[PDB]
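Below you will find one chain, with nothing else, as structure tokens; this is the form deposited in one PDB entry, and questions on how it binds or moves follow later.
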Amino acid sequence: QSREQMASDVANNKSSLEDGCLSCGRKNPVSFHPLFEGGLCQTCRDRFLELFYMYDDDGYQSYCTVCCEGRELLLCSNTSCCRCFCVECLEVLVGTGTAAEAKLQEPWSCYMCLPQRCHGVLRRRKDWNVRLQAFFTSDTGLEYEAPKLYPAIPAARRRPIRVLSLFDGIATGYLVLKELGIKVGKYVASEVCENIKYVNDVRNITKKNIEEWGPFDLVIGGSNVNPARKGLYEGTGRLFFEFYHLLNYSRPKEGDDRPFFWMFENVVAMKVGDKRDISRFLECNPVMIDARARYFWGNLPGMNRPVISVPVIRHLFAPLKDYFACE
């Protein structure tokens, strides 16, 4: 069916807006549009999971906020709201190009700023800040078990922590552990090339080195004009698999019940096939945290609790105080 057919039906008020693809007009939707009132088709929802969170170097939205396909973008003059809208969306979902005709005459505020009003067959849904959150980090074709919770330890038998790291920032995980007053005293750093025991070229670390330098108690990792748009065209395969290999090396053997925590970090703007691969290999599901949206895999205690990027890492690492000795 054509996009005008759905608008005609809505103007007749003879159907619901969740019967076709709001971005393409194709029927048989698979999910719901998290912002407006409409359905999402199968091929039109995969593109929404990648490009919806992409900002260019200008600080403005890269693609359309409705169809995520940009050919001629009109801008939101209001600051702290960098949304941009398409050129045919404003003529099909509003009714005509009258808004476009009046768009360039004066500075314009987008549809996410002005008080809610049904500007035709396009209705800003009342609540979006929650179902948008539930749209991304849920509704996936995998289901795993909750991680095993280690029992807490009394402070009379607490020892300093031992950290192996592979973050982008060499010392990013060192300062955070110092602001919390946790007993540092073992720290090995590295990087993916092309008390801190810095060693470059992670290609040089062997199993025997992990055996001698260990045992470890926390393994972390995950890390130029357009750092946000070059990510899709480059790929993140190299960064994940060396972290996975070293996590396999350092993981406690069978019959050992000592605590062991890990965490992986990645940005949201990535292809739909990589998230499934990481979830399958790591045997868990991510939780998004908004400060720059980011995914987080791991087994740290209380990882999906509500918020009460140094602050984000501090929030994530806070519940570690009751396992390892402080000060």
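When you see a residue number, it is the position in the sequence shown, counting from 1. Between two forms, the rigid core is the largest collection of C-alphas that superpose within 1.5 Å.
The next section is about a form of this same protein that is not shown, the form deposited in another entry.
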{"item": "From 106, 256, 212, 101, residue displaced between this form and the one not shown - CA threshold 2 Å or more, rigid core", "value": "101"}
{"item": "Large Cα move at residue 171 between this form and the one not shown, threshold 2 Å, rigid core", "value": "no"}
{"item": "Core-superposed C-alpha of residue 183 shifting 2 Å or more between this form and the one not shown", "value": "no"}
{"item": "Core-aligned C-alpha movement of residue 84 between this form and the one not shown reaching 2 Å", "value": "no"}
{"item": "In the other entry, whether the C-alpha atoms of residue 70 and residue 229 sit closer or farther than here (change of 3 Å or more)", "value": "farther"}
{"item": "Note on residue 142-residue 233 C-alpha separation in the other entry, which departs from the shown form by 3 angstroms or more", "value": "closer"}
